[PDB]
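A quick write-up on the structure given underneath.
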Amino acid sequence: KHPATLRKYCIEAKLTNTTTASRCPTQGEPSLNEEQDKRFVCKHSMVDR
Amino acid sequence: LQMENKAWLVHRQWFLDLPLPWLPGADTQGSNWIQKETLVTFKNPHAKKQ
Amino acid sequence: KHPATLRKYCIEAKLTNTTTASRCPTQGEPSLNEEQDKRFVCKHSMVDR
Amino acid sequence: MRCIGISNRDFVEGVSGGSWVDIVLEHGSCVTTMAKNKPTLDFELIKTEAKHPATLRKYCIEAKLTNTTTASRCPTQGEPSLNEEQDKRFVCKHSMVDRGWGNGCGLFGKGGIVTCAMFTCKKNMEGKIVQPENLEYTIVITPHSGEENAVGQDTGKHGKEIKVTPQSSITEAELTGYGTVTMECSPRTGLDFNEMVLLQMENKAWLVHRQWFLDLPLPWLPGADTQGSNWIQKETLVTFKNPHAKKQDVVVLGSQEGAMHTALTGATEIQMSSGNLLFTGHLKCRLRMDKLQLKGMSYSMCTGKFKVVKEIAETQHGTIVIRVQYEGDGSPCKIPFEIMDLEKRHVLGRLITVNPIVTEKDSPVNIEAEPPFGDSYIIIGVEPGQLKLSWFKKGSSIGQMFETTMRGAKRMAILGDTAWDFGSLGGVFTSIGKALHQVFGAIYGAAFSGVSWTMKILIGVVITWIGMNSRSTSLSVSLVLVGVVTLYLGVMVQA
Amino acid sequence: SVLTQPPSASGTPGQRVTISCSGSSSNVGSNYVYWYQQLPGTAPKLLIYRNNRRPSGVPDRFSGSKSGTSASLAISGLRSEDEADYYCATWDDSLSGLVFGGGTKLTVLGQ
Amino acid sequence: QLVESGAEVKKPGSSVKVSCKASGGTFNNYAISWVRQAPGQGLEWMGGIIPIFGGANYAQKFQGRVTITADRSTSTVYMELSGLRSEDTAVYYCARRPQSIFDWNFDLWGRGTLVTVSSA
Amino acid sequence: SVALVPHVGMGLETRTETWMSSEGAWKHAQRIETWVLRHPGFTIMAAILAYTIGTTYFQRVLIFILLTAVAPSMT
Amino acid sequence: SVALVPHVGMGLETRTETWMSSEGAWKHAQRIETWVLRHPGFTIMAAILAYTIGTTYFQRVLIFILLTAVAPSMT
Ligand SMILES: *[C@@H]1O[C@H](CO)[C@@H](O)[C@H](O)[C@H]1NC(C)=O
Ligand SMILES: *[C@@H]1O[C@H](CO)[C@@H](O)[C@H](O)[C@H]1NC(C)=O
Ligand SMILES: *[C@@H]1O[C@H](CO)[C@@H](O)[C@H](O)[C@H]1NC(C)=O
């Protein structure tokens, strides 16, 4: 009786508002306003430019 | 553990070691999922686009 | 000529909008809505209750 | 400027007696071929299409149960039977329950019980297949002149897309001003599509091994079924539970989409929405340059003033590209381009844009050249108004040899025994090496099939240790070589 | 700085008229020059791309000229259709942006 | 193949976001630039972006005042202007160009969104 | 995957049957058997390596068994 | 489940990055490390058993890694 939630796992999700940003070679890293929000999933990588 | 009208009696450590996005349980907004990288894939096949 | 900013560093900061959240023992972690905004610096700890 | 700017660019230099060269074209790469008296060309594989795919299974990733039926026999009276137990659209299982006077049997034993539920599929993944004759590789050939590749909606007079199929594997591309280029490709020695499956999930598709696809532990339809209702391994998507020995139940195991995604790691992702497009894999082609001539070789030097409209930009292949306009007379003229030392006493570099010419006065042309590793000077034009451009290259010859050897080893890692055709001109050493590589690759693929990269690292370390602690010197050397190659392959694998 | 362009242009039907756009070493003569026709109450239309190459849309009567540090647009035959504001856009290496001209309103006589 | 956002009437000191929805081919193959034409004035280039790459570049006049972004999920490009003022009144266009750094031939245009900084 | 970290050795087992005890009792062994059948080449190499490394037949057999069980498991 | 046969050592790997390659590169090592951290009691037993069974130091270590890798992945 009287259970308390310890953790809530996610088993199914949806991704929206996909957006990309780039800073071309030697000039550092790209900036997205979405990286400030923690409900956006972000990743950094290099592309040929 | 309660997953869509089924329940299990699991070990607490095993439960907390699950590699899925999760919320603290104290969470109310329900949107600051953490460990989200376990449920999303990032692709840069030829290093031309992400 | 024509410099490009590679990075911007913070030397003098200020803290405002400090908030805190607590969870009773064995019940997991506290949840702060601010903790979803990367504009907020956060840290987790333990306090005897 | 497309092949420049691709990190996987490859430089193929030289032709044999016959003006042909063997090249392997990969999807993510580029091949730039240079001959003694031929225009430099860029080769890219930009499209692989599989047509008219045929399904062979329709594995179910999410099912449900709707008509649960149970049958029981009192103890000592043998197993029960249900009518649905002969229905192929039903999942059944036999168990035991405790029975007695309270239950309603009257014999106090363990009575057989069987429960059946109707299995219905809600989501499935189609494992289509294609005939190796239905593949179609699209290859773009561009003459790699300083001439701009043009803008869309108006003209496509620069890029030349040649489609190659197993039926018509020899095709000719007529490049305006450079003659024609003949490609003798072997699409039948590429992916071996007879052993491949085009696995299509909800909105995502993968190219997977066919035996791996046929060994998947999910319920499947033969692929010729239009009504379903005859799934094979229905037991893999359901669980029968008899808590204690009182009541027997059955439930489905939940959507297998995520588990399938986990199972697909190491399979390359393809496209199957608007046709079956595979942006993965290679194509071996033999390139015939006999009818390929430099454009405007019967021109006179410009004898005018060039201006650099875009400063020298270094690429990631060791070369440099410079964009020069022409303000002079006799517009269709050769550009006097050299890469010398400070005193202009030696020629230090080679321009890989052979025979740059100016078609129009104000039209800019961007030359690509490979300067030396030291300090060098780009000289553009003639005495009146000559442009002398300084440049410095950071690398070194030893480093370049190391990088070239590493790229060759990587090519062998991916195109095992097909790398020997990458820039082959026939040759006997190449043939002997290719045969030896075929034998060794057969042995290695037999001994390391289905093994992960961590297992490869472990086995390589074990074999290297065995070789180092060996009595025979020849056996020690052979084992050390095998172990080091295995370590390299385990470090370079799963990409 | 910006591509200086003639604010006022005048012509008569059946007459060939050209517009002059003069830039700097980094505006024009170092980058392609694009000419646009912008009628009132409508978005600009690309007249000539690259260095005076006609897109399929514009008729053959339209054409442009490019020089060492200036450009020009040529009109084969004239009409009231050529009464519009004209802009020469070219990438500026020093300005680091697509800089149009001042805009040329071409007036066609016949009223 | 390029459709812009509807008309917007704003107030001084505010911020306005303009939407330009391109097709799939134009999103993954071409760049999109933002040109604003003031009332009775010549064309002006604000900035652009390669939607597939997403790195935005702006005219030196608009540093810190214009934000251009793309929505790869909806295949849309947005321009956000901060510090709206009387002189910011103009029509705004989104044009489709190749993603090469030398060619700015706008072979496609939208229809312009009138950002009217006034009261009606 | 969550499927790679099952709830087996948690020491919570009672007389009541578990979630998929009947199913999952032999699934790992069946997978190893299927993998060995599909990859006879790696089994021979593992046997040779175990014979070479193992001083005694207990060491050799244990090494071979562990290698054969590991090869599918890592994959 | 289907996730336990992940299409890893099937050959036909091109120069284009495969599906979930980055994560799958180290997921298995991560899970073994987490298992060893959460279950140090079995790891010590494996070390003792490998030392006893192993004659030479190389055999001891090989048996140790084999045991500690099979233990979590065994199910
Ligand atoms: C995501 O996109 C939708 C439009 O489809 C928009 O309404 C919403 O505000 C966006 N969310 C964020 C966080 O940008
Ligand atoms: C921080 O506190 C101030 C105090 O009035 C408030 O105006 C502001 O909205 C707060 N910021 C956040 C992000 O909550
Ligand atoms: C399941 O039961 C329903 C009862 O409404 C029946 O109509 C249907 O035919 C049954 N399906 C079977 C027996 O497969």
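Residue numbering restarts at 1 for every chain of the structure tokens, chains are lettered A, B, ... in their displayed order, and ligands are numbered from 1 as they appear.
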
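Residue-level contact on chain C: within 10 Å of chain A, counting only C-alpha atoms, the set is residues 4, 5, 6, 7, 26, 27, 28, 29, 34, 35, 36, 37, 38, 39 and 40 of chain C.
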
What does chain G look like once superposed on chain H, all Cα atoms paired in sequence order, least squares? Give it as an mmCIF file with C-alpha atoms, in the first residue's frame.
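Written file, out-v3.cif:
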data_model
loop_
_atom_site.group_PDB
_atom_site.id
_atom_site.type_symbol
_atom_site.label_atom_id
_atom_site.label_comp_id
_atom_site.auth_asym_id
_atom_site.auth_seq_id
_atom_site.Cartn_x
_atom_site.Cartn_y
_atom_site.Cartn_z
ATOM 1 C CA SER G 1 15.193 -12.055 -28.313
ATOM 2 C CA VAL G 2 16.224 -10.792 -31.736
ATOM 3 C CA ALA G 3 18.429 -8.297 -29.885
ATOM 4 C CA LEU G 4 20.698 -11.158 -28.775
ATOM 5 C CA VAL G 5 21.726 -12.008 -32.360
ATOM 6 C CA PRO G 6 23.042 -8.737 -33.837
ATOM 7 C CA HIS G 7 24.313 -8.241 -37.380
ATOM 8 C CA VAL G 8 27.952 -7.599 -36.483
ATOM 9 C CA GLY G 9 30.182 -10.332 -37.881
ATOM 10 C CA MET G 10 28.373 -10.820 -41.194
ATOM 11 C CA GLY G 11 31.282 -9.547 -43.305
ATOM 12 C CA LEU G 12 29.095 -7.112 -45.260
ATOM 13 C CA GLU G 13 30.660 -3.916 -43.925
ATOM 14 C CA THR G 14 31.514 -1.045 -46.266
ATOM 15 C CA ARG G 15 32.936 2.419 -45.679
ATOM 16 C CA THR G 16 29.427 3.703 -44.933
ATOM 17 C CA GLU G 17 28.738 3.749 -41.206
ATOM 18 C CA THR G 18 26.469 1.044 -39.823
ATOM 19 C CA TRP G 19 23.154 1.256 -37.961
ATOM 20 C CA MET G 20 24.510 1.869 -34.449
ATOM 21 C CA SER G 21 28.267 1.514 -34.870
ATOM 22 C CA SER G 22 29.063 4.467 -32.611
ATOM 23 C CA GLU G 23 26.541 3.315 -30.000
ATOM 24 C CA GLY G 24 27.187 -0.424 -30.132
ATOM 25 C CA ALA G 25 30.976 -0.315 -30.430
ATOM 26 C CA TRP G 26 31.504 -0.209 -26.656
ATOM 27 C CA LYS G 27 28.127 -1.306 -25.268
ATOM 28 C CA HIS G 28 29.192 -4.898 -24.579
ATOM 29 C CA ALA G 29 32.342 -3.784 -22.753
ATOM 30 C CA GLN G 30 30.357 -1.202 -20.781
ATOM 31 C CA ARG G 31 27.858 -3.887 -19.778
ATOM 32 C CA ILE G 32 30.659 -6.201 -18.654
ATOM 33 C CA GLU G 33 32.213 -3.360 -16.644
ATOM 34 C CA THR G 34 28.887 -2.527 -14.990
ATOM 35 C CA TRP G 35 28.240 -6.184 -14.166
ATOM 36 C CA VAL G 36 31.716 -6.587 -12.667
ATOM 37 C CA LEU G 37 31.161 -3.465 -10.568
ATOM 38 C CA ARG G 38 27.782 -4.719 -9.339
ATOM 39 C CA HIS G 39 29.094 -8.248 -8.634
ATOM 40 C CA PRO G 40 32.530 -8.044 -6.997
ATOM 41 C CA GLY G 41 31.837 -11.400 -5.369
ATOM 42 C CA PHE G 42 31.779 -13.399 -8.592
ATOM 43 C CA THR G 43 34.908 -11.639 -9.856
ATOM 44 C CA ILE G 44 36.913 -12.778 -6.823
ATOM 45 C CA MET G 45 35.704 -16.361 -7.242
ATOM 46 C CA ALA G 46 36.540 -16.256 -10.955
ATOM 47 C CA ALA G 47 40.025 -14.933 -10.185
ATOM 48 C CA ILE G 48 40.605 -17.709 -7.644
ATOM 49 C CA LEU G 49 39.353 -20.356 -10.075
ATOM 50 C CA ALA G 50 41.518 -18.991 -12.890
ATOM 51 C CA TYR G 51 44.598 -18.925 -10.662
ATOM 52 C CA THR G 52 43.952 -22.496 -9.515
ATOM 53 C CA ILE G 53 43.194 -23.982 -12.940
ATOM 54 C CA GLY G 54 45.688 -21.929 -14.935
ATOM 55 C CA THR G 55 49.156 -23.472 -14.844
ATOM 56 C CA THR G 56 50.791 -20.319 -16.245
ATOM 57 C CA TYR G 57 49.914 -16.647 -15.898
ATOM 58 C CA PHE G 58 48.772 -16.546 -19.530
ATOM 59 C CA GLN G 59 46.342 -19.412 -18.950
ATOM 60 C CA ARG G 60 45.184 -17.876 -15.666
ATOM 61 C CA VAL G 61 44.584 -14.424 -17.145
ATOM 62 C CA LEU G 62 42.825 -15.831 -20.207
ATOM 63 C CA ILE G 63 40.573 -18.038 -18.067
ATOM 64 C CA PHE G 64 39.712 -15.146 -15.751
ATOM 65 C CA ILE G 65 38.927 -12.823 -18.671
ATOM 66 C CA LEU G 66 36.778 -15.437 -20.403
ATOM 67 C CA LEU G 67 34.882 -16.259 -17.202
ATOM 68 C CA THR G 68 34.223 -12.583 -16.499
ATOM 69 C CA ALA G 69 33.007 -12.000 -20.059
ATOM 70 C CA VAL G 70 30.830 -15.130 -20.022
ATOM 71 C CA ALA G 71 29.100 -14.486 -16.700
ATOM 72 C CA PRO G 72 27.205 -11.383 -17.924
ATOM 73 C CA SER G 73 26.751 -12.799 -21.429
ATOM 74 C CA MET G 74 24.883 -15.927 -20.319
ATOM 75 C CA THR G 75 22.665 -13.806 -18.068
#

For this session: Give me every strand (DSSP E or B) residue in stretch 6-67 of chain F, going by DSSP on the backbone, as a PyMOL selection string.
Result: chain F and resi 8-10+16-21+30-37+43-49+56-58+66-67

For this session: Any chance you could list, as a ChimeraX atom specification, the residues in chain F that come up alpha helix (DSSP H) when DSSP is run on the backbone?
Result: /F:24-29

May I have the selected residues written with N, CA, C and O atoms, as a short mmCIF file (atom, residue, chain, number, x, y, z; two decimals), in the first residue's frame?
data_model
loop_
_atom_site.label_atom_id
_atom_site.label_comp_id
_atom_site.auth_asym_id
_atom_site.auth_seq_id
_atom_site.Cartn_x
_atom_site.Cartn_y
_atom_site.Cartn_z
N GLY F 24 11.31 19.24 -50.16
CA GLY F 24 12.40 18.37 -49.75
C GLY F 24 13.65 18.56 -50.59
O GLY F 24 14.76 18.64 -50.05
N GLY F 25 13.49 18.64 -51.91
CA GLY F 25 14.65 18.82 -52.77
C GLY F 25 15.38 20.13 -52.52
O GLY F 25 16.61 20.17 -52.48
N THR F 26 14.62 21.21 -52.35
CA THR F 26 15.24 22.51 -52.10
C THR F 26 15.83 22.60 -50.70
O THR F 26 16.74 23.41 -50.48
N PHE F 27 15.34 21.80 -49.76
CA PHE F 27 15.87 21.84 -48.40
C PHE F 27 17.22 21.15 -48.32
O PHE F 27 18.13 21.63 -47.64
N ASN F 28 17.38 20.01 -49.00
CA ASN F 28 18.59 19.21 -48.91
C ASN F 28 19.62 19.53 -49.98
O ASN F 28 20.72 18.97 -49.94
N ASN F 29 19.29 20.40 -50.94
CA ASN F 29 20.16 20.64 -52.08
C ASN F 29 20.53 22.10 -52.31
O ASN F 29 21.50 22.36 -53.02
#

I'd like the superposed copy of chain A - fitted to chain C by least squares over all paired Cα atoms - as a short mmCIF file (atom, residue, chain, number, x, y, z; two decimals) with N, CA, C and O atoms, in the first residue's frame.
data_model
loop_
_atom_site.label_atom_id
_atom_site.label_comp_id
_atom_site.auth_asym_id
_atom_site.auth_seq_id
_atom_site.Cartn_x
_atom_site.Cartn_y
_atom_site.Cartn_z
N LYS A 1 43.84 40.78 -40.22
CA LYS A 1 42.57 41.34 -40.65
C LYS A 1 41.50 40.26 -40.69
O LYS A 1 41.78 39.06 -40.79
N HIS A 2 40.25 40.71 -40.62
CA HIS A 2 39.08 39.83 -40.70
C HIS A 2 39.17 38.66 -39.72
O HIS A 2 39.09 37.50 -40.12
N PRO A 3 39.33 38.94 -38.43
CA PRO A 3 39.35 37.86 -37.44
C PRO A 3 37.97 37.25 -37.26
O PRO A 3 36.94 37.87 -37.52
N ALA A 4 37.97 36.00 -36.79
CA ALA A 4 36.74 35.28 -36.50
C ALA A 4 36.81 34.74 -35.08
O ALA A 4 37.84 34.22 -34.66
N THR A 5 35.70 34.87 -34.36
CA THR A 5 35.66 34.40 -32.98
C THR A 5 35.71 32.88 -32.94
O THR A 5 34.91 32.21 -33.60
N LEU A 6 36.65 32.34 -32.17
CA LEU A 6 36.77 30.90 -32.01
C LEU A 6 36.08 30.41 -30.74
O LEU A 6 35.43 29.36 -30.75
N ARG A 7 36.22 31.16 -29.65
CA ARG A 7 35.59 30.80 -28.39
C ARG A 7 35.49 32.05 -27.53
O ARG A 7 36.25 33.00 -27.68
N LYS A 8 34.52 32.03 -26.61
CA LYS A 8 34.27 33.14 -25.71
C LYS A 8 34.26 32.61 -24.29
O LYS A 8 33.34 31.88 -23.90
N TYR A 9 35.29 32.95 -23.52
CA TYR A 9 35.40 32.48 -22.15
C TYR A 9 34.74 33.46 -21.19
O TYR A 9 34.66 34.66 -21.46
N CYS A 10 34.26 32.94 -20.08
CA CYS A 10 33.64 33.74 -19.03
C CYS A 10 34.65 33.91 -17.91
O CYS A 10 35.18 32.92 -17.38
N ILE A 11 34.93 35.16 -17.55
CA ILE A 11 35.85 35.46 -16.46
C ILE A 11 35.14 36.02 -15.23
O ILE A 11 35.72 35.97 -14.14
N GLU A 12 33.93 36.54 -15.38
CA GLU A 12 33.17 37.05 -14.25
C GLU A 12 31.70 36.75 -14.49
O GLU A 12 31.20 36.97 -15.60
N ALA A 13 31.01 36.26 -13.46
CA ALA A 13 29.63 35.82 -13.58
C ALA A 13 28.82 36.31 -12.39
O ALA A 13 29.35 36.83 -11.41
N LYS A 14 27.50 36.14 -12.50
CA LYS A 14 26.59 36.36 -11.39
C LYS A 14 25.59 35.21 -11.35
O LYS A 14 25.13 34.74 -12.39
N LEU A 15 25.27 34.76 -10.14
CA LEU A 15 24.32 33.68 -9.93
C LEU A 15 23.05 34.24 -9.31
O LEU A 15 23.11 34.99 -8.33
N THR A 16 21.91 33.90 -9.89
CA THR A 16 20.61 34.34 -9.39
C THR A 16 19.63 33.19 -9.50
O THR A 16 19.97 32.10 -9.96
N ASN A 17 18.40 33.44 -9.06
CA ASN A 17 17.33 32.45 -9.15
C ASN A 17 17.74 31.13 -8.51
O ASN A 17 17.39 30.05 -8.99
N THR A 18 18.49 31.22 -7.42
CA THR A 18 18.87 30.01 -6.69
C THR A 18 17.62 29.33 -6.15
O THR A 18 16.73 29.97 -5.61
N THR A 19 17.57 28.01 -6.30
CA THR A 19 16.41 27.23 -5.88
C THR A 19 16.86 25.81 -5.58
O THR A 19 17.75 25.28 -6.25
N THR A 20 16.24 25.21 -4.58
CA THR A 20 16.59 23.87 -4.14
C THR A 20 15.37 22.96 -4.20
O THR A 20 14.23 23.42 -4.11
N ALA A 21 15.63 21.67 -4.38
CA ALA A 21 14.59 20.65 -4.34
C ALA A 21 15.18 19.41 -3.70
O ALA A 21 16.38 19.15 -3.82
N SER A 22 14.33 18.64 -3.02
CA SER A 22 14.80 17.47 -2.28
C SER A 22 13.78 16.35 -2.37
O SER A 22 12.57 16.58 -2.40
N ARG A 23 14.29 15.12 -2.41
CA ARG A 23 13.49 13.91 -2.26
C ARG A 23 14.09 13.12 -1.12
O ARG A 23 15.27 12.74 -1.18
N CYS A 24 13.30 12.86 -0.09
CA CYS A 24 13.85 12.34 1.16
C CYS A 24 14.25 10.88 0.97
O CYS A 24 14.06 10.29 -0.10
N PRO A 25 14.82 10.25 2.00
CA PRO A 25 15.63 9.05 1.78
C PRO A 25 14.87 7.93 1.09
O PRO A 25 13.68 7.72 1.32
N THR A 26 15.59 7.20 0.24
CA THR A 26 15.15 5.98 -0.44
C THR A 26 14.12 6.23 -1.52
O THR A 26 13.69 5.27 -2.17
N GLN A 27 13.69 7.47 -1.75
CA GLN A 27 12.65 7.75 -2.71
C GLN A 27 13.18 8.30 -4.03
O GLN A 27 12.39 8.77 -4.85
N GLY A 28 14.49 8.26 -4.24
CA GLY A 28 15.04 8.65 -5.52
C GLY A 28 15.79 9.96 -5.53
O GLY A 28 16.67 10.19 -4.69
N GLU A 29 15.45 10.84 -6.47
CA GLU A 29 16.17 12.08 -6.66
C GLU A 29 15.19 13.24 -6.78
O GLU A 29 14.07 13.06 -7.27
N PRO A 30 15.59 14.43 -6.36
CA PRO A 30 14.72 15.60 -6.50
C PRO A 30 14.67 16.09 -7.94
O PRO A 30 15.55 15.82 -8.75
N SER A 31 13.61 16.82 -8.24
CA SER A 31 13.37 17.36 -9.57
C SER A 31 13.20 18.86 -9.49
O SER A 31 12.38 19.36 -8.71
N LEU A 32 13.97 19.59 -10.29
CA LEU A 32 13.81 21.02 -10.46
C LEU A 32 13.52 21.32 -11.92
O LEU A 32 14.18 20.77 -12.80
N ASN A 33 12.53 22.17 -12.17
CA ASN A 33 12.28 22.62 -13.53
C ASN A 33 13.48 23.37 -14.10
O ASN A 33 13.58 23.51 -15.33
N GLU A 34 14.38 23.85 -13.25
CA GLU A 34 15.55 24.58 -13.71
C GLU A 34 16.59 23.67 -14.34
O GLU A 34 17.40 24.14 -15.13
N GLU A 35 16.57 22.38 -14.00
CA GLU A 35 17.52 21.45 -14.60
C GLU A 35 17.27 21.26 -16.09
O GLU A 35 18.19 20.85 -16.81
N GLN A 36 16.06 21.55 -16.56
CA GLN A 36 15.79 21.47 -18.00
C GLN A 36 16.50 22.59 -18.74
O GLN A 36 16.89 22.43 -19.90
N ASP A 37 16.68 23.74 -18.09
CA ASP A 37 17.36 24.87 -18.70
C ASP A 37 18.87 24.73 -18.53
O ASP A 37 19.35 24.40 -17.44
N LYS A 38 19.61 24.98 -19.60
CA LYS A 38 21.06 24.84 -19.58
C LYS A 38 21.77 26.09 -19.09
O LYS A 38 22.99 26.05 -18.90
N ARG A 39 21.06 27.20 -18.89
CA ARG A 39 21.67 28.38 -18.29
C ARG A 39 21.60 28.37 -16.77
O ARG A 39 22.06 29.32 -16.14
N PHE A 40 21.03 27.32 -16.18
CA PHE A 40 21.10 27.10 -14.75
C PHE A 40 22.22 26.11 -14.44
O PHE A 40 22.39 25.11 -15.14
N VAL A 41 23.00 26.41 -13.41
CA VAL A 41 24.02 25.49 -12.92
C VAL A 41 23.40 24.67 -11.80
O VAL A 41 22.76 25.22 -10.89
N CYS A 42 23.57 23.36 -11.86
CA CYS A 42 22.89 22.45 -10.94
C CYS A 42 23.90 21.51 -10.30
O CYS A 42 24.95 21.21 -10.87
N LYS A 43 23.56 21.05 -9.10
CA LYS A 43 24.39 20.11 -8.36
C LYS A 43 23.50 19.21 -7.53
O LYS A 43 22.45 19.64 -7.04
N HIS A 44 23.92 17.96 -7.37
CA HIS A 44 23.20 16.99 -6.57
C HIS A 44 24.02 16.63 -5.34
O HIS A 44 25.25 16.49 -5.42
N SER A 45 23.35 16.51 -4.20
CA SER A 45 24.00 16.15 -2.95
C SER A 45 22.97 15.53 -2.03
O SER A 45 21.77 15.52 -2.32
N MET A 46 23.45 15.01 -0.90
CA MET A 46 22.60 14.40 0.11
C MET A 46 22.62 15.24 1.38
O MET A 46 23.68 15.72 1.80
N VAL A 47 21.45 15.42 1.98
CA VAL A 47 21.33 16.07 3.28
C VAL A 47 20.72 15.08 4.26
O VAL A 47 19.96 14.19 3.87
N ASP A 48 21.05 15.25 5.54
CA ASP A 48 20.41 14.45 6.58
C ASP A 48 18.96 14.87 6.72
O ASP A 48 18.65 16.07 6.83
N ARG A 49 18.06 13.89 6.75
CA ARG A 49 16.63 14.15 6.82
C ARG A 49 15.99 13.23 7.85
O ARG A 49 16.57 12.22 8.26
#

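Coordinates place atom CA of residue B:33 at a distance of 13.9 Å from atom CA of residue B:18.
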
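In this model, the gap between atom CA of residue D:74 and atom CA of residue D:95 comes to 12.7 Å.
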
Exercise. Residues at most 8 Å from stretch 54-65 of chain E, counting only C-alpha atoms, excluding those fewer than 4 positions away in the same chain, as a ChimeraX atom specification?
Worked result: /D:153-154 /E:18,46-49,71-77

Taking only C-alpha atoms into account, find every residue of chain B that has an atom no more than 7 Å from chain A, and write it out as a PDB file with N, CA, C and O atoms, in the first residue's frame.
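Output below, filename part_16.pdb:
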ATOM      1  N   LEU B  20      17.810   3.198 -20.119  1.00  0.00           N
ATOM      2  CA  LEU B  20      16.738   3.879 -20.825  1.00  0.00           C
ATOM      3  C   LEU B  20      16.668   5.313 -20.334  1.00  0.00           C
ATOM      4  O   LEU B  20      17.180   5.630 -19.255  1.00  0.00           O
ATOM      5  N   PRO B  21      16.059   6.207 -21.109  1.00  0.00           N
ATOM      6  CA  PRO B  21      15.743   7.536 -20.575  1.00  0.00           C
ATOM      7  C   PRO B  21      14.828   7.412 -19.368  1.00  0.00           C
ATOM      8  O   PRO B  21      13.929   6.571 -19.337  1.00  0.00           O
ATOM      9  N   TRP B  22      15.059   8.253 -18.365  1.00  0.00           N
ATOM     10  CA  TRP B  22      14.271   8.167 -17.146  1.00  0.00           C
ATOM     11  C   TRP B  22      14.054   9.552 -16.561  1.00  0.00           C
ATOM     12  O   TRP B  22      14.763  10.508 -16.881  1.00  0.00           O
ATOM     13  N   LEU B  23      13.045   9.642 -15.699  1.00  0.00           N
ATOM     14  CA  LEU B  23      12.746  10.808 -14.895  1.00  0.00           C
ATOM     15  C   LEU B  23      12.904  10.467 -13.416  1.00  0.00           C
ATOM     16  O   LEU B  23      12.773   9.304 -13.028  1.00  0.00           O
ATOM     17  N   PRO B  24      13.200  11.453 -12.569  1.00  0.00           N
ATOM     18  CA  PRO B  24      13.564  11.136 -11.177  1.00  0.00           C
ATOM     19  C   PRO B  24      12.457  10.480 -10.372  1.00  0.00           C
ATOM     20  O   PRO B  24      12.753   9.843  -9.354  1.00  0.00           O
ATOM     21  N   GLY B  25      11.199  10.612 -10.776  1.00  0.00           N
ATOM     22  CA  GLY B  25      10.101  10.106  -9.974  1.00  0.00           C
ATOM     23  C   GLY B  25       9.466  11.217  -9.166  1.00  0.00           C
ATOM     24  O   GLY B  25       8.241  11.298  -9.044  1.00  0.00           O
ATOM     25  N   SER B  31       9.283  16.233 -18.818  1.00  0.00           N
ATOM     26  CA  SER B  31       9.931  16.503 -20.091  1.00  0.00           C
ATOM     27  C   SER B  31      11.450  16.533 -20.029  1.00  0.00           C
ATOM     28  O   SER B  31      12.084  16.539 -21.088  1.00  0.00           O
ATOM     29  N   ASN B  32      12.054  16.551 -18.843  1.00  0.00           N
ATOM     30  CA  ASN B  32      13.506  16.592 -18.742  1.00  0.00           C
ATOM     31  C   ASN B  32      14.076  15.184 -18.660  1.00  0.00           C
ATOM     32  O   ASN B  32      14.779  14.843 -17.704  1.00  0.00           O
ATOM     33  N   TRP B  33      13.775  14.359 -19.655  1.00  0.00           N
ATOM     34  CA  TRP B  33      14.308  13.007 -19.676  1.00  0.00           C
ATOM     35  C   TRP B  33      15.825  13.045 -19.748  1.00  0.00           C
ATOM     36  O   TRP B  33      16.411  13.859 -20.466  1.00  0.00           O
ATOM     37  N   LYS B  36      18.775  10.173 -22.481  1.00  0.00           N
ATOM     38  CA  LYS B  36      17.999  10.064 -23.712  1.00  0.00           C
ATOM     39  C   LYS B  36      18.785   9.437 -24.853  1.00  0.00           C
ATOM     40  O   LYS B  36      18.180   8.965 -25.818  1.00  0.00           O
ATOM     41  N   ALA B  47      29.963  11.056 -43.564  1.00  0.00           N
ATOM     42  CA  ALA B  47      30.545  12.301 -43.070  1.00  0.00           C
ATOM     43  C   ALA B  47      30.167  13.490 -43.944  1.00  0.00           C
ATOM     44  O   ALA B  47      30.916  14.462 -44.035  1.00  0.00           O
ATOM     45  N   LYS B  48      29.005  13.417 -44.591  1.00  0.00           N
ATOM     46  CA  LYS B  48      28.497  14.496 -45.428  1.00  0.00           C
ATOM     47  C   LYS B  48      27.317  15.228 -44.818  1.00  0.00           C
ATOM     48  O   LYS B  48      27.174  16.431 -45.034  1.00  0.00           O
ATOM     49  N   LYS B  49      26.466  14.530 -44.070  1.00  0.00           N
ATOM     50  CA  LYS B  49      25.372  15.165 -43.353  1.00  0.00           C
ATOM     51  C   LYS B  49      25.073  14.348 -42.108  1.00  0.00           C
ATOM     52  O   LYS B  49      25.382  13.157 -42.035  1.00  0.00           O
TER      53      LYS B  49
END
